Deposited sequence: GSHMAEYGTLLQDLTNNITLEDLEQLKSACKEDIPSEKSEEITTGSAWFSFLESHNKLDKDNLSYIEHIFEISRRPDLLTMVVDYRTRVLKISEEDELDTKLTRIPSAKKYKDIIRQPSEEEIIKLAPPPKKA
């Protein structure tokens, strides 16, 4: 419950304002005005993120080409009759 928050912070410390833009583009079809940790709490309040619901961020980190981010999610989910040619 509280260890999910520990690695929500870990992710937020590694998302610069510019990376944030590359991440929301990856959430294409799914409002602009968000900044950093506001992204996580948007996903959470649209049922795309839980302590147990990691599917979406795992996907977005791949599309955004962020193994560094995804590696933290993985790590703290593992803890928690043919004829001859011529």
query: Deposited-sequence ranges lacking C-alpha coordinates, in sequence order; finding: 1 to 3, 34 to 39, 90 to 124, 131 to 133
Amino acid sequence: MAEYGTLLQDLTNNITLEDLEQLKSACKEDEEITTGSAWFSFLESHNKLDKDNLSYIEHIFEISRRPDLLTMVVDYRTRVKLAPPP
From here on, numbers count along this sequence of modelled residues.
{"item": "Between the two ranges 66 to 74 and 16 to 24, the one averaging a larger CA B factor in the entry", "value": "16 to 24"}
{"item": "Mean C-alpha B-factor comparison - 55 to 63 and 35 to 43, higher one", "value": "35 to 43"}
